Every structure is written in structure tokens, then in C-alpha cells.
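In the C-alpha cells that follow, the same protein chain appears in two forms, which are kept apart as structure 1 and structure 2.
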Structure 1
């Protein structure tokens, strides 16, 4: 499951630490961090490139180092896709810290970004040049579904799909990622204490109750991600304490109301992703086809 059998090809991925100029932090948890860096010649010969470097911080143990190595292997296993954050290289040599180097995405995470554009949105479109529109939102949804369809094809599951784990790069390209240990999950209100600190508002009933993670529970989370996108970055389940009674109502069939910027069809898609039976939710392949059609109709 963590790719401990498949090897690391150093000649392909290894990047020298002394060609990496580390800069300002991009995100910090308790044990992990992401740092902005300039990398000389990491992918194009003798060309300086801005990159994002995931690494441990002081306080990390070897257990987190093992987790970071497994993350490097998972990214190598998954391979390249436009809508998955692109692995560029790694620093794995002894005598320095493990570093996982990925592409830098200009606009950061999608939640924060959308939350800043409420005053820069029109449903259908020079004064409006940098505005989001309904087309951008369906387009972002489409791209995340394509990315997840790809992940499913590599026999992977995300386990933490949410707008905070989507990056927005140039030209309206979104990329799925996992900040993981580079997010302070104690101080982040999206992760609630259960037994573990877990993203309960994004989790399917079977995951909350039976600790079952499959690609179909990722579909549930994708539905919540849609809600985040068509609320322009609102926090899910507004006005609700996330306690025992929330978990019961969810099981009983309670669901979020339509968000402010949704279409009727998009809301029905959120409801489809939140079907109580995992097998009756759409697949990511069906989500791709469906969102592609909605993009046409738009």
C-alpha cells in the first residue's frame, strides 16, 4: 500500500541539494513543511525554476521520514497527469534531510483562493478581466474529476480530498495534492478529534463509522469539494457543531443545502456523490463524462 516493494531510480529523480536555494515557507505542520525554492536545471537543462519542496521539520521522528519516503514512492508510482501535482525530483542522499520537490503552483490552495474572489465573480461574463465565472467553477470541477479518475486508474485513493488539497496554477489549471504532514492538523479547524484528528466534514459515513477508505468514499469527499467550489470557499455544514449528533444525522440522510453559486445540475451531482450506499455513488469516470457535458451546456 505504501510502495515499499518498488525501487527508487536515483539516476532519474535525484537532484543535488546544492542546486536548490530554499526560500520562504509555503506551509507548516507539527512535523512537515513545504518551502518555496529556486532549483537550477531540475527539468530543463541549465534553467532556473521555482519549485515547492516538502520536507520534515524539527520535532519529526524517523517514522515521519518513512512516511515522506513513501510519499515520494507513491508520486513516482502515480506518474504524470496535468491535474495531479507534478513530481520533479528528490534529495535522498545521506547526510542531509529527505526532500520531495514538486512544481510550484502560483495561486496556492483552492479554498483560500476562491474565498478571496467573492467580490470578483459573475455567473456569465475589461472591468471583469480577472473575474471568476460559472465556467471557471465547472472547469475546476471537471479537472479535479479527471485527476481523480487518473488516481483511481493507478489503483490509488486520496483519503483527504478537499479544496485545501487542490492547487491552482497558471491558465486555470488545478492540481490535486496532499499537504499531509505539512499542515498543522491540531490548529486547523477542518480536522476534529476522534479517538486521531480527522476531516469529518469531508468523510463518508462508512469512513466515519467503519474506518473504510475506498475510491467511493473519495467520491463522497469530491461532492463536498464541489460544495466548497460552488460556495466560493465556504466552510462545509455552516452553523453545525461537528459532534455525535452530526454523525447520526448524516447516517439518517441529512445533507447540505445548495450553495450560493450552484446550478441545479451541479447540486444534484453533489447529492449523487453523497448517496449513503458507496456503490450507488457515481464513479470518477461517470463524473468526468457528466461534468464534461455540463461544461458544453454552459
Structure 2
């Protein structure tokens, strides 16, 4: 996996480094990274001061994942990197103003209606079922993309979905991986990670969406009994903002047999249908 400096290298002196976000990720403004804007706000992952060789390797590996994967609207995309001598290793990605989707949805619990009714200004900036189904559809499209690149996410969860402007959501932290609440039974018991175990996790992500950012498995200690009951077929109950069709979609993603779960291409088609029906 070679590094194409002519494509990706960005001058460190064309960044204004700002506040920490959320690794050592900071907000920054970049000057001339984008031909349509003089100044563009970006997120920068910077190698810690005193990083070990292993830690340095790891951030470089992350950069090469971002290069290799390619561009998609629903994935957090690489804009540039600072790799040359005279400063820290820095990985520059698109900025997602609203941050992670779990935190964001929780902030909107008192600003949700199933659909707006005229006069719609009574629901200014409210979330709706359309928003939630739309976020779901977008994540399915991003995972279909990742699957097509032979990439398994391994920790698909609402905390790893970022919200940008214009209700665009972006998957992050793919290929890098509490955690047990998103893991398919085969992952927990057999340590098998596949695109079908990501589909299971997508199911959990859907529950997080349609609970407006709740933590999965409320009231349950994540221990051997949790794992045993999951294996025996027990599943989360319908969350507070779901439609019946979306709940059935969760159940489908949680089929005990990985081969009987929908594919992400099937989920894109299905959610796209649910979105037009809604």
C-alpha cells in the first residue's frame, strides 16, 4: 500500500489548529484543501507527543485504510495528510458538524414528531420518521459500499456514525476495533467477524436510531447470561419511536443464522422502499 504524496500531502502551515473533539482528534481550518472554498473546517487526527513505534504504525495504518477504501458520500472521507518531516503525522478528514449520531439523537428527544403537519414552522428543526429512516438508509448504503470494498467494519454502532450538514450521515472507525452489545452471537462465541456479523450490528444501530439514542439492552448486565439468552433467541423489545416495519427489520438483522440475515444491498432496497412508503 504505497503513499501518493502528490495526491494527499497537505502543508502543515495551511492549517489553523483548533479545539479538541470527542484519539487526539481536533477541529482545524484548512486553507486551500478545497477548490470551491478558500477556508474549510476539517477534523485532524494527530499522532500523540511521545508516541511509540507501534502507536505511530497504527495511525499510519489508519491513514492507509482511508486512502485504500475510496470515496463514498456515507463514509468519512480523507481530505489530506501531513507525513513529511518537520511536524507530527496528521490525518485530515471531512468535518461532521453535529458529531456522533447517538449523542445527537438524544439531544432531540423533545423535538420529535412522526411527521410535520402544516403550519410546519411549529416543528422547526424537529426530527421525524423520515429523518430516522433516511439515516438508516444512508448507513446501509455506506455499509454496502464498505462491503463492496471487502471491508468489515467490526464495531458498527451509532457512536461511529457522524452527522454532517443537510442530514448527511457518515460511517467512521471501520476496520479499527460495552462492545458486546453490538456483537453477533457468532462473534461473541466463535470470534467470527464477517459482513453478516456487521448486519447484526446494523440491527442494533437501527434500535439506537429508533430509540433516539438509547443504550442497547437497558437494565441488563452484559455477562454470561446475556450471551446465553442471546444465543437462545431473545431479542430487544421494540424501541419507543419505531414503526412495525423497522422493528421487523431489526429482528431480521438479528437472525441467529448469519446466512439468513438480509444483505446490505437488500437493506438499501428495503429501506429505500420504506422511505418512499413513509
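Think of the rigid core as the biggest set of C-alphas that the two forms share within 1.5 Å after superposition. Positions refer to the first chain, counted from 1.
Only one candidate in 238, 59, 253, 264 has its Cα displaced by 2 Å or more between structure 1 and structure 2 after core superposition: 59.
Core-aligned CA deviation for residue 96 between structure 1 and structure 2: 2 Å or greater. Core superposition places the Cα of residue 44 1.9 Å apart between structure 1 and structure 2. On the core-superposed pair, the CA position of residue 225 changes by 0.2 Å between structure 1 and structure 2.
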